[PDB]
Each structure stands twice: as structure tokens, then as C-alpha cells.
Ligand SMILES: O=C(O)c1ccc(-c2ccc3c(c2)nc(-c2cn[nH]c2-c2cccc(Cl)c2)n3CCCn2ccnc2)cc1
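Taking the form deposited without the named molecule, here's one chain by itself in C-alpha cells.
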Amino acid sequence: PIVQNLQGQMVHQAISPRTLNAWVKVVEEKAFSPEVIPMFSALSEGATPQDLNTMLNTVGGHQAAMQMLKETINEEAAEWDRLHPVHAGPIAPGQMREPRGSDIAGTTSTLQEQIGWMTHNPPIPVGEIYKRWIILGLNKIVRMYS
């Protein structure tokens, strides 16, 4: 997630491995449990898409449940593009481009571009947007158990 250092700068701070390890243990004990969702949202506060994917990849899960999660994310990303089309073409070096669904999901964006959108004014909270997509998918999983 993003936090301000001892100067003023908004810097990225990776998620602690000990937090990740404890989290996977929680999910393992409360598989498909609704209470895990508010906890997921709590631990991902200020998280960038990169951080979110690290959490998702670390947890893993059932092949099938991961599918519904990915499909949900993909569906929401395509819905973002349908509503927020981005222009392709000429852009000067260092110019900020508008994020597409795949950028919000961290697939086609770097940590630096994610931080840029998140610390911009007006900000494009790509971390918050992606988290919502994930939570939608998690809420879908709990309701099928697959």
C-alpha cells in the first residue's frame, strides 16, 4: 500500500510476508466465509493493484473458485472499458494515460503507473476500484461455494 515517509512523499510499502502467511491461514480455516470479506477489505487499505494481486496469488484457493473470481474481475474490467473508453495513439514520453480495465487489474500497468493514478488530482483510485471488483467476486464465491 501507499504511505507517506519521513519527508512527505507518498511511497509504496509492500505487504509484510508475515501478514500474508497469517492471512492464508485465515482463509484456509474460514473457506467461503462472509466474515473474511470485511477482513480482506481491511487488510487491503491503501493497496495498489499490484498489492491486491500479491494477496490473491498468495491465497490461491480452489481452481474453480479462482475461476469465478477471475471471470468476475474480467467481466467488471470489460464493463469499465465499455463505460470509460480510453484513446489509443500518440502520447508524449512521461504523459499520464487514462487507465483501462486491464490497467486497474494490474495486468497491463506498472506499480509506478498505479501509484501515479492514485496520487493524482483528481485521483483515479485504481486500487479501490479493483478491490471492489475482487470483493464482488468474493461475494459471488461465498454464494456458490465454488
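Take the two forms, find the largest set of C-alpha atoms that superpose within 1.5 Å, and that set is the rigid core. Numbering starts at 1 and runs along the sequence shown.
This next part talks about the form deposited with the named molecule bound, which is not shown.
- Take the named molecule as it sits in the deposited bound form, overlay the site C-alphas onto this chain, and none of its atoms lands within 2.4 Å of the backbone or a C-beta, so the site here is open.
- In the deposited bound form, no heavy atom of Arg82 sits within 4.5 Å of the named molecule.
- Remark: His12 does not count among the residues lining the named molecule in the deposited bound form, judged by a heavy atom distance of 4.5 Å or less.
- With a 4.5 Å cutoff on heavy atoms, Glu45 does not count as touching the named molecule in the deposited bound form; it lies far away.
- None of the heavy atoms of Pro17 is located within 4.5 Å of the named molecule in the deposited bound form.
- Contacts of stretch 88-117 with the named molecule in the deposited bound form, defined by any heavy atom lying within 4.5 Å, are made by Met96, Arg97, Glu98, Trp117, listed in sequence order.
- Relative to the superposed rigid core, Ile91 undergoes a CA displacement of at least 2 Å between the shown form and the other one.
- The Cα shift for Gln13 between the shown form and the other one, taken after rigid core superposition, is smaller than 2 angstroms.
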